[PDB]
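Structure record follows, encoded as structure tokens.
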Amino acid sequence: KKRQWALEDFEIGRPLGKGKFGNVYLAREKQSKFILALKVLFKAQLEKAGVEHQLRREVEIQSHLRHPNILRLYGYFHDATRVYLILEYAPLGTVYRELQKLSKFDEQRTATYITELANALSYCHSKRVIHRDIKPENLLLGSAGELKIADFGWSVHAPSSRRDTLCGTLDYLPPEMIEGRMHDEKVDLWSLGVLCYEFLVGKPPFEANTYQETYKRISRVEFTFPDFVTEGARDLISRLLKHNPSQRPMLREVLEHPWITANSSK
Ligand SMILES: O=C(O)c1ccc(Nc2ccnc(Nc3ccc(C(=O)O)cc3)n2)cc1
């Protein structure tokens with residue numbers, strides 16, 4: 001923002017999450033007593049794996065975004081053995097944990113999350129910033145329970161052709177991405193459809209036992225609905241999960257979808 005931070009400026013608290021590259025800790029800035037989240041990345045581990053570039057992007061992109069449904073990146077610093085990301089702290093945790101707790105959400109909570117996410121993505125896209133990694137593990141919850149897009153690790157500017165090695169599951173990736181083709185903002189609209197389905201059903205629509213199998217379901221767009229998913233929900237999800245990118249709706253149409261309108265509270 002202006003000044004340069006150091007570890008000594010923070011009292012680290014309890015672990016929020018422990019991952020492959022780093023951990024996320026609750027932390028408080030000594031002087032102002034400001035409560036935030038500190039993501040500690042080991043570096044050597046970054047240096048291996050050649051991830052140094054993506055991190056500059058993630059930080060560069062996320063630190064320049066200001067939206068109520070987008071977790072903020074206030075700044076960063078490093079030392080000899082690692083890098084620190086100073087993030088806004090989301091008090092209610094991940095959407096993933098909420099989902100794992102309730103099993104599945106009702107139409108109202110889902111419609112509200114989709115809405116908040118569409119606004120968030122609407123803002124990102126107004127900057128040709130495509131997220132490409134929308135999944136429940138990357139969505140946090142604010143003090144009022146509002147959804148916050150949180151992890152811009154795989155974020156890039158559109159249009160892009162980046163053939164990045166897909167390491168996690170392909171569960172949220174669209175056909176154009178799992179096939180190494182060029183892609184734009186429509187990628188996020190597919191993820192949104194996958195997300196809407198996971199929220200209501202409890203499992204992503206293309207889930208399978210092998211990467212290779214999931215790959216097939218995605219490219220062929222083979223998904224079915226359990227009896228309890230309603231017509232309006234099936235409808236929105238079907239418009240979003242279109243193999244042809246140009247056929248997926250605009251976030252505006254999503255926000256104005258009858259089902260998103262009857263059930264959304266936000
Ligand atoms: O997947 C993960 O485990 C994960 C992913 C991202 C992450 N990063 C941030 C950043 C800002 N704010 C928060 N809030 C938070 C609060 C409580 C809990 C909890 O479960 O007690 C988890 C998260 N987390 C932390 C953990």
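Residue indices begin at 1 and follow the sequence shown.
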Exam field: side chain [X] to backbone [Y], donor-acceptor pair closer than 3.5 Å:
X	Y	result
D133	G153	no
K186	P249	yes
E207	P204	no
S63	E60	yes
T94	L141	no
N263	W259	yes
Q212	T210	no
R82	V40	no
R28	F34	no

> Does one hydrophobic cluster hold both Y113 and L200, with members joined at side-chain heavy-atom distances below 4.5 Å?
Replying inline: yes
> Can you get from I134 to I260 by hopping between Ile, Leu, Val, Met, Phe, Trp and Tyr side chains that sit under 4.5 Å apart?
Replying inline: yes
Take the angle between the ring planes of [X] and [Y] and call it parallel below 30°, perpendicular above 60°, tilted in between.
X	Y	result
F223	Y197	perpendicular
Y211	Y215	parallel
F206	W190	parallel
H131	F152	perpendicular

Between the side chains of [X] and [Y], does any donor sit under 3.5 Å from an acceptor?
X	Y	result
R57	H53	yes
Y96	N138	no
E107	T230	yes
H243	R220	no

>> So which atom in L99 and which in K104 form the shortest heavy-atom distance, rounded to 0.1 Å?
In response: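 Shortest heavy-atom separation between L99 and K104 comes out as CD1-CA, 3.8 Å.
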>> Show the nearest heavy-atom pair for residues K148 and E88, with the distance to one decimal.
In response: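 That closest heavy-atom pairing would be NZ-OE2, 2.8 Å.
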> Looking at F77, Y74, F10, which one forms a ring-ring contact (aromatic ring centres under 6.0 Å, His included) with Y84?
Replying inline: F77
>> For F21, does the six-membered ring have the charged nitrogen or CZ of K43 within the cation-pi criterion, i.e. under 6.0 angstrom from the centroid and within 45° of the normal?
In response: no
> Considering only heavy atoms from C-beta outward, does the side chain of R72 approach that of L87 to under 4.5 Å?
Replying inline: no
